[PDB]
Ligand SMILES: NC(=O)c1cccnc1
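A lone chain, given as structure tokens: the form deposited without the named molecule.
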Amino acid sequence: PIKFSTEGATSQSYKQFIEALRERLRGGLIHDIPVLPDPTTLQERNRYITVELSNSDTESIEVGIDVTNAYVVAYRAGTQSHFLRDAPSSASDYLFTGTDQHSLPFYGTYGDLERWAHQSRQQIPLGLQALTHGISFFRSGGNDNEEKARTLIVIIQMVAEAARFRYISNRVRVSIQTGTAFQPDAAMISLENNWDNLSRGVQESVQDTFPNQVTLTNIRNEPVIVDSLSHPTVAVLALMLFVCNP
């Protein structure tokens, strides 16, 4: 069971949570980089996991994660659960099966989440207080779809993107250690936007060279061409999407 509590959370407790999540998600290594399982050879009973996000012993939610892409597909508050509009059809057969399950009106893509939130990722604060507020909001069952979408933008980045990217888990750690919320910087956004592209480059690489180049953005909004296994930014990957075997 994978739990994270916001009560007295520390840099270390958050790090240990992300480490446990990464260990459960890893399906193998490719070029020494962890990769998620190939969905075509994965047994469906092994496809979905839960994380408990708690503010106290009496206030908590669960989030359901698809191990094939580390993406949040649903959440649960008590006897009621809510699935992203684009959740795989099998998710509701394995996650929160003892609840009344509902479909959310928005997809889990940032495009649709930002549309419903009326805010972009860059405008939405991340950190312990944002997560605490989101846990409370989901547990309360409030019907405000704008805030549901905003809350998922927070959770997705602090859980799923953090699991995928060492840069992001470390930035959340720093926020917790300092007690200072943050808005995702241009490098964080570009990592989120290019996870599948970086995963593909690594896995398709020949002689360490990507067939399909990947253009990232650094903190100073500078465009960076990543076309090699040895590029420094490749080291930021903690979990890759499965694309192909070498």
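A residue's number is simply how far along the shown sequence it sits, counting from 1.
Although it is not shown, the form deposited with the named molecule bound is what the next lines describe.
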{"query": "Residue stretch of 87-95, 142-150, 171-179, 105-113 approaching the named molecule in the deposited complex, non-hydrogen atom distance within 4.5 Å", "finding": "105-113"}
{"query": "The named molecule: the contacting residue among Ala117, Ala130, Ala77, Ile156 in the deposited complex [heavy atom, 4.5 Å]", "finding": "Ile156"}
{"query": "Answer option from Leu198, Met188, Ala70, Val63, heavy atom within 4.5 Å of the named molecule in the deposited complex", "finding": "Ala70"}
{"query": "Contacts with the named molecule in the deposited complex - residues in 19-48 whose heavy atoms fall within 4.5 Å", "finding": "none"}
